[PDB]
>>> print(open('protein.cif').read())   # mmCIF, C-alpha atoms
data_data
#
loop_
_atom_site.label_atom_id
_atom_site.label_comp_id
_atom_site.auth_asym_id
_atom_site.auth_seq_id
_atom_site.Cartn_x
_atom_site.Cartn_y
_atom_site.Cartn_z
CA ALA K 1 -1.39 28.40 -25.99
CA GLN K 2 -2.82 25.13 -27.27
CA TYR K 3 -3.32 23.74 -23.78
CA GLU K 4 -4.63 26.47 -21.43
CA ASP K 5 -5.53 26.47 -17.76
CA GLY K 6 -9.31 26.57 -17.53
CA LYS K 7 -9.90 24.84 -20.86
CA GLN K 8 -8.64 21.24 -21.09
CA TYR K 9 -7.74 21.33 -17.43
CA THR K 10 -7.96 23.40 -14.27
CA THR K 11 -5.24 24.01 -11.71
CA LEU K 12 -5.73 23.33 -8.05
CA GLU K 13 -5.50 26.46 -5.96
CA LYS K 14 -4.48 24.12 -3.16
CA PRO K 15 -2.00 21.54 -4.50
CA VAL K 16 -1.77 18.17 -2.82
CA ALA K 17 1.71 17.01 -1.81
CA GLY K 18 2.78 13.38 -2.47
CA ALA K 19 -0.29 12.30 -4.54
CA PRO K 20 -0.26 9.47 -7.03
CA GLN K 21 0.95 10.62 -10.42
CA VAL K 22 -2.31 9.77 -12.19
CA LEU K 23 -5.30 9.66 -9.82
CA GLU K 24 -8.74 8.75 -11.10
CA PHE K 25 -12.07 8.83 -9.18
CA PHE K 26 -15.29 7.11 -10.15
CA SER K 27 -18.53 5.67 -8.81
CA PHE K 28 -20.36 2.59 -9.97
CA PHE K 29 -23.54 4.79 -9.76
CA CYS K 30 -22.07 7.47 -12.03
CA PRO K 31 -23.41 7.35 -15.61
CA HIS K 32 -20.45 9.12 -17.25
CA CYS K 33 -18.18 6.74 -15.36
CA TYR K 34 -19.98 3.88 -17.06
CA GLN K 35 -19.34 5.52 -20.44
CA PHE K 36 -15.68 6.16 -19.45
CA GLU K 37 -15.21 2.51 -18.57
CA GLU K 38 -17.20 0.52 -21.12
CA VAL K 39 -17.55 2.83 -24.09
CA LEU K 40 -14.49 5.10 -24.06
CA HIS K 41 -11.97 2.98 -22.14
CA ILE K 42 -10.42 6.21 -20.88
CA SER K 43 -8.17 4.65 -18.23
CA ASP K 44 -6.82 2.30 -20.79
CA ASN K 45 -6.12 4.83 -23.49
CA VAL K 46 -4.42 7.09 -20.98
CA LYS K 47 -2.07 4.28 -19.82
CA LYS K 48 -1.19 3.67 -23.43
CA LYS K 49 0.11 7.23 -23.80
CA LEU K 50 1.70 7.86 -20.43
CA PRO K 51 5.48 8.04 -20.29
CA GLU K 52 6.49 4.96 -18.32
CA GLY K 53 7.70 4.77 -14.82
CA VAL K 54 4.25 6.28 -14.22
CA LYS K 55 1.69 4.61 -11.94
CA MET K 56 -2.04 4.84 -12.43
CA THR K 57 -4.39 4.85 -9.45
CA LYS K 58 -8.19 4.52 -9.43
CA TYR K 59 -10.47 5.09 -6.43
CA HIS K 60 -14.22 4.69 -5.71
CA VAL K 61 -16.18 7.47 -3.94
CA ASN K 62 -18.92 7.54 -1.28
CA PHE K 63 -21.04 10.52 -2.20
CA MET K 64 -23.31 8.68 -4.66
CA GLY K 65 -25.78 5.92 -3.86
CA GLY K 66 -25.82 6.37 -0.09
CA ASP K 67 -25.39 3.11 1.83
CA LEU K 68 -24.69 1.03 -1.26
CA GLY K 69 -22.23 3.66 -2.34
CA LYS K 70 -20.10 3.00 0.73
CA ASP K 71 -20.44 -0.76 0.30
CA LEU K 72 -19.10 -0.26 -3.18
CA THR K 73 -16.09 1.68 -1.92
CA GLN K 74 -15.26 -1.13 0.47
CA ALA K 75 -15.75 -3.67 -2.38
CA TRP K 76 -13.43 -1.74 -4.62
CA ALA K 77 -10.92 -1.85 -1.71
CA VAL K 78 -11.38 -5.64 -1.78
CA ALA K 79 -10.92 -5.66 -5.53
CA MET K 80 -7.66 -3.68 -5.15
CA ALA K 81 -6.29 -5.86 -2.34
CA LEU K 82 -6.95 -9.07 -4.30
CA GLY K 83 -5.83 -7.56 -7.59
CA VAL K 84 -9.10 -8.41 -9.30
CA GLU K 85 -10.13 -4.98 -10.60
CA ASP K 86 -10.23 -6.22 -14.16
CA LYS K 87 -12.70 -8.98 -13.37
CA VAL K 88 -15.30 -7.09 -11.39
CA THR K 89 -15.34 -3.63 -12.91
CA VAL K 90 -17.65 -4.49 -15.78
CA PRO K 91 -20.16 -6.70 -13.87
CA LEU K 92 -20.30 -4.13 -11.07
CA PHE K 93 -21.13 -1.31 -13.51
CA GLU K 94 -23.73 -3.37 -15.33
CA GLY K 95 -25.14 -4.78 -12.10
CA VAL K 96 -25.65 -1.25 -10.74
CA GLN K 97 -26.67 0.64 -13.93
CA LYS K 98 -27.71 -1.88 -16.60
CA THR K 99 -29.53 -4.81 -15.00
CA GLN K 100 -30.09 -3.16 -11.59
CA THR K 101 -29.49 -6.45 -9.87
CA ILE K 102 -27.16 -4.96 -7.32
CA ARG K 103 -29.12 -3.77 -4.28
CA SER K 104 -27.24 -4.96 -1.20
CA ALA K 105 -23.72 -5.90 -0.10
CA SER K 106 -24.71 -9.51 -0.74
CA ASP K 107 -25.41 -8.81 -4.41
CA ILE K 108 -22.02 -7.09 -4.66
CA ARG K 109 -20.44 -10.21 -3.20
CA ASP K 110 -22.28 -12.41 -5.81
CA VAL K 111 -20.49 -10.49 -8.57
CA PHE K 112 -17.11 -11.40 -7.05
CA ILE K 113 -18.17 -15.06 -6.55
CA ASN K 114 -19.34 -15.23 -10.14
CA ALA K 115 -16.03 -13.73 -11.26
CA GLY K 116 -14.34 -16.62 -9.51
CA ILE K 117 -13.11 -15.18 -6.23
CA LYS K 118 -13.72 -17.63 -3.39
CA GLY K 119 -16.32 -16.81 -0.75
CA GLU K 120 -13.93 -17.34 2.13
CA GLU K 121 -11.29 -15.24 0.34
CA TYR K 122 -13.78 -12.43 -0.31
CA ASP K 123 -15.26 -12.36 3.20
CA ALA K 124 -11.79 -12.42 4.81
CA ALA K 125 -10.67 -9.51 2.58
CA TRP K 126 -13.95 -7.62 3.19
CA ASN K 127 -13.34 -7.79 6.93
CA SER K 128 -9.59 -7.27 6.96
CA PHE K 129 -7.80 -4.21 8.37
CA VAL K 130 -5.80 -4.04 5.15
CA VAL K 131 -9.11 -3.30 3.39
CA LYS K 132 -10.03 -0.84 6.15
CA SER K 133 -6.93 1.25 5.47
CA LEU K 134 -7.50 0.90 1.71
CA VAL K 135 -11.02 2.36 2.27
CA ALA K 136 -9.33 5.10 4.33
CA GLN K 137 -6.90 5.87 1.49
CA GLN K 138 -9.73 6.27 -1.01
CA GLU K 139 -11.57 8.64 1.29
CA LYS K 140 -8.46 10.65 2.17
CA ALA K 141 -7.55 11.12 -1.51
CA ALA K 142 -11.04 12.37 -2.38
CA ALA K 143 -10.92 14.60 0.70
CA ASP K 144 -7.52 16.12 -0.14
CA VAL K 145 -8.80 17.30 -3.48
CA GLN K 146 -12.14 19.06 -3.12
CA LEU K 147 -14.01 16.19 -4.69
CA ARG K 148 -17.73 16.79 -5.32
CA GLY K 149 -17.95 15.16 -8.74
CA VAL K 150 -16.95 12.13 -10.77
CA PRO K 151 -15.55 11.05 -13.19
CA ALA K 152 -12.45 12.98 -12.18
CA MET K 153 -8.79 12.69 -12.93
CA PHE K 154 -5.93 14.53 -11.20
CA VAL K 155 -2.34 14.71 -12.42
CA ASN K 156 0.49 14.97 -9.85
CA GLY K 157 -1.86 16.35 -7.24
CA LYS K 158 -1.88 19.64 -9.17
CA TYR K 159 -4.02 19.43 -12.32
CA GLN K 160 -7.60 18.34 -12.88
CA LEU K 161 -8.81 17.08 -16.23
CA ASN K 162 -11.56 19.23 -17.59
CA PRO K 163 -13.61 17.14 -20.06
CA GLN K 164 -16.42 19.77 -20.58
CA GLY K 165 -13.91 21.51 -22.85
CA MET K 166 -13.17 18.84 -25.49
CA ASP K 167 -15.30 18.23 -28.62
CA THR K 168 -17.75 15.31 -28.26
CA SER K 169 -18.92 14.94 -31.87
CA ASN K 170 -16.63 11.94 -32.13
CA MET K 171 -15.90 9.61 -29.23
CA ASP K 172 -12.46 8.48 -30.50
CA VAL K 173 -11.30 12.08 -30.85
CA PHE K 174 -12.53 12.86 -27.34
CA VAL K 175 -10.54 10.03 -25.75
CA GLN K 176 -7.34 10.92 -27.60
CA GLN K 177 -7.66 14.58 -26.68
CA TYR K 178 -8.25 13.49 -23.13
CA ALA K 179 -5.29 11.12 -23.16
CA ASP K 180 -2.95 13.62 -24.85
CA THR K 181 -3.97 16.15 -22.21
CA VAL K 182 -3.00 13.78 -19.41
CA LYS K 183 0.37 13.27 -21.14
CA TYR K 184 0.98 17.02 -21.49
CA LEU K 185 0.15 17.52 -17.82
CA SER K 186 2.32 14.55 -16.99
CA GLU K 187 5.33 16.22 -18.66
CA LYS K 188 4.62 19.64 -17.17
#
>>> encode(input="protein.cif", output="C-alpha cells")
Amino acid sequence: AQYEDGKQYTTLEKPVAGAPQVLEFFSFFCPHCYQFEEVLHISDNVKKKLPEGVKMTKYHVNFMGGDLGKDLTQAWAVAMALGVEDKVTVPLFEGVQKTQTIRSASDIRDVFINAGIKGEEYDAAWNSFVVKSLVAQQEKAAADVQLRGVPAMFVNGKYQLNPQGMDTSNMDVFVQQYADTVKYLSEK
C-alpha cells in the first residue's frame, strides 16, 4: 500500500480505549520537539488538515530533565488550565534550550509573568487541585501508551506516528507527509 504499518506509522499491540483523537507528547528539553514547534509547526499543520469535529491534545512528559522536567509538566498543566499555551510555549522552549535561562520553578514562573499572566493567578493555578488532576492526566496518558520517547503523536489510541520513515531533504515536504499521515490514520 502507500501507507503501511511499520513505515509512516506503527500500530499499538495494546490499544488504549477512550483516548483523545489526536494526542501529542513533548518535552521542553527535547530538541526535536523544539524543531517541531518553532521550525516545522507540526501541531499547526496537522490541525489544518484534520477533518473537523476532531480535538487536538498536547501533553508534557516527566522523563527528561529530572526535577525541572516535572516542574515543566506542572507548568504546562497551568498553561492548559488558564488557556495560555500559545503565549508560553515559545518562551519556555527558548528559555530551556536557546538562552538556558530556565533553571528553577521560579524561572518558569517568570516566563508566565512576562507573558502577562498575573502572579497571584499563576501561583493559585500552580497550587490548585485542578492542576493536580491535569498533571495526573498527562502522566496517565503517557503511561497508557508505552511512552519512552518524544516527540510522539498517537491517533485514536491506536496508531503512532513514525517520523523516522519520511524523507527529510525538505522540511515542508516532511510536515505535509506527516500531516497527511495523521489525516489518513484519522479516517481509518
>>> closest_residue(input="protein.cif", among="K:45, K:106, K:11, K:2", to="residue 178 (chain K)", atoms="all atoms listed in the file")
K:45
>>> resolve_selection(input="protein.cif", expression="the PyMOL selection byres ((chain K and resi 157-171) around 8)", output="PDB file with C-alpha atoms, keeping the file's coordinate frame")
ATOM      1  CA  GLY K   6      -9.310  26.570 -17.530  1.00  0.00           C
ATOM      2  CA  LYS K   7      -9.900  24.840 -20.860  1.00  0.00           C
ATOM      3  CA  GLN K   8      -8.640  21.240 -21.090  1.00  0.00           C
ATOM      4  CA  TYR K   9      -7.740  21.330 -17.430  1.00  0.00           C
ATOM      5  CA  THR K  10      -7.960  23.400 -14.270  1.00  0.00           C
ATOM      6  CA  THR K  11      -5.240  24.010 -11.710  1.00  0.00           C
ATOM      7  CA  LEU K  12      -5.730  23.330  -8.050  1.00  0.00           C
ATOM      8  CA  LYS K  14      -4.480  24.120  -3.160  1.00  0.00           C
ATOM      9  CA  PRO K  15      -2.000  21.540  -4.500  1.00  0.00           C
ATOM     10  CA  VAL K  16      -1.770  18.170  -2.820  1.00  0.00           C
ATOM     11  CA  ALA K  17       1.710  17.010  -1.810  1.00  0.00           C
ATOM     12  CA  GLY K  18       2.780  13.380  -2.470  1.00  0.00           C
ATOM     13  CA  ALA K  19      -0.290  12.300  -4.540  1.00  0.00           C
ATOM     14  CA  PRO K  20      -0.260   9.470  -7.030  1.00  0.00           C
ATOM     15  CA  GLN K  21       0.950  10.620 -10.420  1.00  0.00           C
ATOM     16  CA  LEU K  23      -5.300   9.660  -9.820  1.00  0.00           C
ATOM     17  CA  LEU K  40     -14.490   5.100 -24.060  1.00  0.00           C
ATOM     18  CA  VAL K 145      -8.800  17.300  -3.480  1.00  0.00           C
ATOM     19  CA  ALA K 152     -12.450  12.980 -12.180  1.00  0.00           C
ATOM     20  CA  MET K 153      -8.790  12.690 -12.930  1.00  0.00           C
ATOM     21  CA  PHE K 154      -5.930  14.530 -11.200  1.00  0.00           C
ATOM     22  CA  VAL K 155      -2.340  14.710 -12.420  1.00  0.00           C
ATOM     23  CA  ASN K 156       0.490  14.970  -9.850  1.00  0.00           C
ATOM     24  CA  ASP K 172     -12.460   8.480 -30.500  1.00  0.00           C
ATOM     25  CA  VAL K 173     -11.300  12.080 -30.850  1.00  0.00           C
ATOM     26  CA  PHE K 174     -12.530  12.860 -27.340  1.00  0.00           C
ATOM     27  CA  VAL K 175     -10.540  10.030 -25.750  1.00  0.00           C
ATOM     28  CA  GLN K 177      -7.660  14.580 -26.680  1.00  0.00           C
ATOM     29  CA  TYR K 178      -8.250  13.490 -23.130  1.00  0.00           C
ATOM     30  CA  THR K 181      -3.970  16.150 -22.210  1.00  0.00           C
ATOM     31  CA  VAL K 182      -3.000  13.780 -19.410  1.00  0.00           C
ATOM     32  CA  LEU K 185       0.150  17.520 -17.820  1.00  0.00           C
TER      33      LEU K 185
END
>>> residues_around(input="protein.cif", residues="residue 84 (chain K)", least_positions_apart="3", cutoff="10 Å", atoms="only C-alpha atoms", output="ChimeraX atom specification")
/K:76,78-81,87-89,112,115-117
>>> write_last_selection(input="protein.cif", atoms="C-alpha atoms", output="PDB file, keeping the file's coordinate frame")
ATOM      1  CA  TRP K  76     -13.430  -1.740  -4.620  1.00  0.00           C
ATOM      2  CA  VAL K  78     -11.380  -5.640  -1.780  1.00  0.00           C
ATOM      3  CA  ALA K  79     -10.920  -5.660  -5.530  1.00  0.00           C
ATOM      4  CA  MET K  80      -7.660  -3.680  -5.150  1.00  0.00           C
ATOM      5  CA  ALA K  81      -6.290  -5.860  -2.340  1.00  0.00           C
ATOM      6  CA  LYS K  87     -12.700  -8.980 -13.370  1.00  0.00           C
ATOM      7  CA  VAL K  88     -15.300  -7.090 -11.390  1.00  0.00           C
ATOM      8  CA  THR K  89     -15.340  -3.630 -12.910  1.00  0.00           C
ATOM      9  CA  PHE K 112     -17.110 -11.400  -7.050  1.00  0.00           C
ATOM     10  CA  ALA K 115     -16.030 -13.730 -11.260  1.00  0.00           C
ATOM     11  CA  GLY K 116     -14.340 -16.620  -9.510  1.00  0.00           C
ATOM     12  CA  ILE K 117     -13.110 -15.180  -6.230  1.00  0.00           C
TER      13      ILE K 117
END
>>> resolve_selection(input="protein.cif", expression="the PyMOL selection byres ((chain K and resi 108) around 10)", output="PDB file with C-alpha atoms, in the frame of the given file")
ATOM      1  CA  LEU K  68     -24.690   1.030  -1.260  1.00  0.00           C
ATOM      2  CA  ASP K  71     -20.440  -0.760   0.300  1.00  0.00           C
ATOM      3  CA  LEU K  72     -19.100  -0.260  -3.180  1.00  0.00           C
ATOM      4  CA  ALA K  75     -15.750  -3.670  -2.380  1.00  0.00           C
ATOM      5  CA  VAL K  88     -15.300  -7.090 -11.390  1.00  0.00           C
ATOM      6  CA  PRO K  91     -20.160  -6.700 -13.870  1.00  0.00           C
ATOM      7  CA  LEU K  92     -20.300  -4.130 -11.070  1.00  0.00           C
ATOM      8  CA  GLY K  95     -25.140  -4.780 -12.100  1.00  0.00           C
ATOM      9  CA  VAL K  96     -25.650  -1.250 -10.740  1.00  0.00           C
ATOM     10  CA  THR K 101     -29.490  -6.450  -9.870  1.00  0.00           C
ATOM     11  CA  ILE K 102     -27.160  -4.960  -7.320  1.00  0.00           C
ATOM     12  CA  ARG K 103     -29.120  -3.770  -4.280  1.00  0.00           C
ATOM     13  CA  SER K 104     -27.240  -4.960  -1.200  1.00  0.00           C
ATOM     14  CA  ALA K 105     -23.720  -5.900  -0.100  1.00  0.00           C
ATOM     15  CA  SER K 106     -24.710  -9.510  -0.740  1.00  0.00           C
ATOM     16  CA  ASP K 107     -25.410  -8.810  -4.410  1.00  0.00           C
ATOM     17  CA  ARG K 109     -20.440 -10.210  -3.200  1.00  0.00           C
ATOM     18  CA  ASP K 110     -22.280 -12.410  -5.810  1.00  0.00           C
ATOM     19  CA  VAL K 111     -20.490 -10.490  -8.570  1.00  0.00           C
ATOM     20  CA  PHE K 112     -17.110 -11.400  -7.050  1.00  0.00           C
ATOM     21  CA  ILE K 113     -18.170 -15.060  -6.550  1.00  0.00           C
TER      22      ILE K 113
END
>>> atom_distance(input="protein.cif", atom1="CA of residue 57 (chain K)", atom2="CA of residue 25 (chain K)")
8.7 Å
>>> atom_distance(input="protein.cif", atom1="CA of residue 179 (chain K)", atom2="CA of residue 42 (chain K)")
7.5 Å
>>> axis_aligned_box(input="protein.cif", around="region 70-87 of chain K", padding_each_side="8 Å", output="JSON")
{"center_x": -13.1, "center_y": -3.0, "center_z": -6.7, "size_x": 30.6, "size_y": 28.1, "size_z": 30.9}
>>> atom_distance(input="protein.cif", atom1="CA of residue 58 (chain K)", atom2="CA of residue 26 (chain K)")
7.6 Å
>>> closest_residue(input="protein.cif", among="K:183, K:188, K:32, K:148", to="residue 62 (chain K)", atoms="all atoms listed in the file")
K:148
>>> closest_residue(input="protein.cif", among="K:37, K:48, K:133, K:74", to="residue 86 (chain K)", atoms="only C-alpha atoms")
K:37
>>> decode(input="protein.cif", residues="region 80-115 of chain K", atoms="N, CA and C atoms", output="PDB file, in the first residue's frame")
ATOM      1  N   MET K  80      -2.432  24.922  30.470  1.00  0.00           N
ATOM      2  CA  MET K  80      -3.685  24.369  29.922  1.00  0.00           C
ATOM      3  C   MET K  80      -4.911  24.886  30.678  1.00  0.00           C
ATOM      4  N   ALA K  81      -4.813  24.945  31.999  1.00  0.00           N
ATOM      5  CA  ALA K  81      -5.933  25.386  32.830  1.00  0.00           C
ATOM      6  C   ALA K  81      -6.297  26.832  32.533  1.00  0.00           C
ATOM      7  N   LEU K  82      -5.292  27.665  32.298  1.00  0.00           N
ATOM      8  CA  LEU K  82      -5.503  29.097  32.070  1.00  0.00           C
ATOM      9  C   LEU K  82      -5.749  29.409  30.615  1.00  0.00           C
ATOM     10  N   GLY K  83      -5.548  28.419  29.759  1.00  0.00           N
ATOM     11  CA  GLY K  83      -5.686  28.590  28.324  1.00  0.00           C
ATOM     12  C   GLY K  83      -4.610  29.480  27.726  1.00  0.00           C
ATOM     13  N   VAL K  84      -3.400  29.419  28.262  1.00  0.00           N
ATOM     14  CA  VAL K  84      -2.355  30.302  27.742  1.00  0.00           C
ATOM     15  C   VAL K  84      -1.208  29.548  27.077  1.00  0.00           C
ATOM     16  N   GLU K  85      -1.506  28.383  26.508  1.00  0.00           N
ATOM     17  CA  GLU K  85      -0.499  27.592  25.804  1.00  0.00           C
ATOM     18  C   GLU K  85       0.222  28.399  24.741  1.00  0.00           C
ATOM     19  N   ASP K  86      -0.530  29.226  24.028  1.00  0.00           N
ATOM     20  CA  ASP K  86       0.044  29.894  22.874  1.00  0.00           C
ATOM     21  C   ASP K  86       0.869  31.101  23.285  1.00  0.00           C
ATOM     22  N   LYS K  87       0.962  31.377  24.575  1.00  0.00           N
ATOM     23  CA  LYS K  87       1.783  32.527  24.961  1.00  0.00           C
ATOM     24  C   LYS K  87       3.045  32.117  25.670  1.00  0.00           C
ATOM     25  N   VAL K  88       3.108  30.860  26.101  1.00  0.00           N
ATOM     26  CA  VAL K  88       4.256  30.423  26.890  1.00  0.00           C
ATOM     27  C   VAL K  88       5.081  29.368  26.180  1.00  0.00           C
ATOM     28  N   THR K  89       4.511  28.733  25.156  1.00  0.00           N
ATOM     29  CA  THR K  89       5.205  27.643  24.503  1.00  0.00           C
ATOM     30  C   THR K  89       6.553  28.100  23.962  1.00  0.00           C
ATOM     31  N   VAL K  90       6.572  29.192  23.218  1.00  0.00           N
ATOM     32  CA  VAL K  90       7.828  29.627  22.618  1.00  0.00           C
ATOM     33  C   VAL K  90       8.871  30.110  23.673  1.00  0.00           C
ATOM     34  N   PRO K  91       8.479  31.005  24.602  1.00  0.00           N
ATOM     35  CA  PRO K  91       9.490  31.385  25.612  1.00  0.00           C
ATOM     36  C   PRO K  91       9.940  30.240  26.521  1.00  0.00           C
ATOM     37  N   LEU K  92       9.103  29.231  26.730  1.00  0.00           N
ATOM     38  CA  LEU K  92       9.562  28.102  27.521  1.00  0.00           C
ATOM     39  C   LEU K  92      10.608  27.323  26.720  1.00  0.00           C
ATOM     40  N   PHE K  93      10.331  27.019  25.455  1.00  0.00           N
ATOM     41  CA  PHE K  93      11.329  26.304  24.648  1.00  0.00           C
ATOM     42  C   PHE K  93      12.655  27.053  24.597  1.00  0.00           C
ATOM     43  N   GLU K  94      12.583  28.344  24.324  1.00  0.00           N
ATOM     44  CA  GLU K  94      13.809  29.114  24.154  1.00  0.00           C
ATOM     45  C   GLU K  94      14.503  29.330  25.494  1.00  0.00           C
ATOM     46  N   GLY K  95      13.720  29.452  26.566  1.00  0.00           N
ATOM     47  CA  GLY K  95      14.310  29.589  27.885  1.00  0.00           C
ATOM     48  C   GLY K  95      15.036  28.322  28.316  1.00  0.00           C
ATOM     49  N   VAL K  96      14.501  27.151  27.961  1.00  0.00           N
ATOM     50  CA  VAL K  96      15.184  25.895  28.272  1.00  0.00           C
ATOM     51  C   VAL K  96      16.329  25.614  27.300  1.00  0.00           C
ATOM     52  N   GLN K  97      16.094  25.701  25.989  1.00  0.00           N
ATOM     53  CA  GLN K  97      17.111  25.238  25.018  1.00  0.00           C
ATOM     54  C   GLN K  97      17.948  26.332  24.340  1.00  0.00           C
ATOM     55  N   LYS K  98      17.426  27.551  24.229  1.00  0.00           N
ATOM     56  CA  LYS K  98      18.166  28.568  23.492  1.00  0.00           C
ATOM     57  C   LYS K  98      19.011  29.385  24.450  1.00  0.00           C
ATOM     58  N   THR K  99      18.366  30.167  25.305  1.00  0.00           N
ATOM     59  CA  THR K  99      19.092  31.031  26.232  1.00  0.00           C
ATOM     60  C   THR K  99      19.571  30.340  27.510  1.00  0.00           C
ATOM     61  N   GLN K 100      18.973  29.200  27.836  1.00  0.00           N
ATOM     62  CA  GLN K 100      19.283  28.472  29.067  1.00  0.00           C
ATOM     63  C   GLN K 100      19.179  29.346  30.289  1.00  0.00           C
ATOM     64  N   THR K 101      18.070  30.066  30.352  1.00  0.00           N
ATOM     65  CA  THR K 101      17.782  30.959  31.457  1.00  0.00           C
ATOM     66  C   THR K 101      16.711  30.361  32.324  1.00  0.00           C
ATOM     67  N   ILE K 102      16.243  29.168  31.973  1.00  0.00           N
ATOM     68  CA  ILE K 102      15.321  28.486  32.855  1.00  0.00           C
ATOM     69  C   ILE K 102      16.005  27.377  33.649  1.00  0.00           C
ATOM     70  N   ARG K 103      16.094  27.550  34.962  1.00  0.00           N
ATOM     71  CA  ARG K 103      16.850  26.633  35.808  1.00  0.00           C
ATOM     72  C   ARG K 103      16.143  26.232  37.081  1.00  0.00           C
ATOM     73  N   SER K 104      15.000  26.855  37.358  1.00  0.00           N
ATOM     74  CA  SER K 104      14.235  26.565  38.565  1.00  0.00           C
ATOM     75  C   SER K 104      12.778  26.859  38.303  1.00  0.00           C
ATOM     76  N   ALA K 105      11.886  26.389  39.174  1.00  0.00           N
ATOM     77  CA  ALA K 105      10.460  26.705  39.028  1.00  0.00           C
ATOM     78  C   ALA K 105      10.231  28.215  38.948  1.00  0.00           C
ATOM     79  N   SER K 106      11.034  28.964  39.690  1.00  0.00           N
ATOM     80  CA  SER K 106      10.893  30.418  39.690  1.00  0.00           C
ATOM     81  C   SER K 106      11.130  31.015  38.297  1.00  0.00           C
ATOM     82  N   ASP K 107      12.157  30.542  37.599  1.00  0.00           N
ATOM     83  CA  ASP K 107      12.385  30.996  36.242  1.00  0.00           C
ATOM     84  C   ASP K 107      11.227  30.614  35.317  1.00  0.00           C
ATOM     85  N   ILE K 108      10.638  29.445  35.531  1.00  0.00           N
ATOM     86  CA  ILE K 108       9.470  29.065  34.723  1.00  0.00           C
ATOM     87  C   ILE K 108       8.354  30.081  34.948  1.00  0.00           C
ATOM     88  N   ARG K 109       8.082  30.360  36.219  1.00  0.00           N
ATOM     89  CA  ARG K 109       7.109  31.369  36.594  1.00  0.00           C
ATOM     90  C   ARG K 109       7.361  32.741  35.929  1.00  0.00           C
ATOM     91  N   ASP K 110       8.624  33.173  35.853  1.00  0.00           N
ATOM     92  CA  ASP K 110       8.981  34.468  35.222  1.00  0.00           C
ATOM     93  C   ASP K 110       8.477  34.521  33.766  1.00  0.00           C
ATOM     94  N   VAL K 111       8.609  33.399  33.066  1.00  0.00           N
ATOM     95  CA  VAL K 111       8.124  33.326  31.688  1.00  0.00           C
ATOM     96  C   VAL K 111       6.620  33.617  31.613  1.00  0.00           C
ATOM     97  N   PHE K 112       5.840  33.031  32.521  1.00  0.00           N
ATOM     98  CA  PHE K 112       4.408  33.322  32.566  1.00  0.00           C
ATOM     99  C   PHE K 112       4.131  34.798  32.899  1.00  0.00           C
ATOM    100  N   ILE K 113       4.837  35.331  33.900  1.00  0.00           N
ATOM    101  CA  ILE K 113       4.679  36.733  34.314  1.00  0.00           C
ATOM    102  C   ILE K 113       4.967  37.651  33.129  1.00  0.00           C
ATOM    103  N   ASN K 114       6.071  37.379  32.456  1.00  0.00           N
ATOM    104  CA  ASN K 114       6.452  38.154  31.297  1.00  0.00           C
ATOM    105  C   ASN K 114       5.429  38.051  30.171  1.00  0.00           C
ATOM    106  N   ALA K 115       4.750  36.908  30.086  1.00  0.00           N
ATOM    107  CA  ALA K 115       3.746  36.722  29.059  1.00  0.00           C
ATOM    108  C   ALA K 115       2.448  37.363  29.494  1.00  0.00           C
TER     109      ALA K 115
END
